[PDB]
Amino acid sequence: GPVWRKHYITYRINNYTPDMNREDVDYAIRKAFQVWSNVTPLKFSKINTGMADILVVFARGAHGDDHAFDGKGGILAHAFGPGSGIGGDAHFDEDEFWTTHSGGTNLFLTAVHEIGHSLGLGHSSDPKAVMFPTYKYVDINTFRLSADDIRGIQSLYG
């Protein structure tokens, strides 16, 4: 399906979870974009105003799309593939407790997966892939994409 047909992509953080320090939210999301820019020709820039390609949102329950959140647990986040408007946007369930670490739900690891969707990736059947639909914490300091993730993204870009 859809892919971004340009190399410079913008994102904007619509609002901030009260679960984390603001700078930690910024850094998690930045690091998650870097995972993908490492392996494609894409460049990502955070903008503070205006229409971004990728809007990052924290919201709970019904929040104006067809993908209502479900309280703590279950669905952690969802994202829309490349396109105009809501296309590219990544939404994180505020009913989760977002963290920089192994506690609650790790924002960085979740964001890597969601941004994969924002770039056009679907799910992987390989438990080793970040694009596998089940959340499982792994050490974020040594995190690496699986070969399956890299194959998937390189099928769309570069």
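All residue numbers are counted from 1 along the displayed sequence. Rigid core: the largest C-alpha set superposing within 1.5 Å between the two forms.
Choosing between 137 to 145 and 10 to 18, the greater Cα displacement from the shown form in 6 other deposited structures of this protein, fitted by the core, goes with 137 to 145. As the entry records it, the average C-alpha temperature factor is higher for 146 to 154, out of 146 to 154 and 21 to 29. Once the C-alpha B-factors are averaged per stretch, 131 to 139 and 5 to 13 rank with 131 to 139 first. Taking the deposited Cα B-factors for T49, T105, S37, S45, the highest one is held by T49.
Among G64, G61, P41, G122, the highest C-alpha B-factor recorded in the PDB entry belongs to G64. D53: CA B factor in the middle third of modelled residues in this chain (values from the PDB entry).
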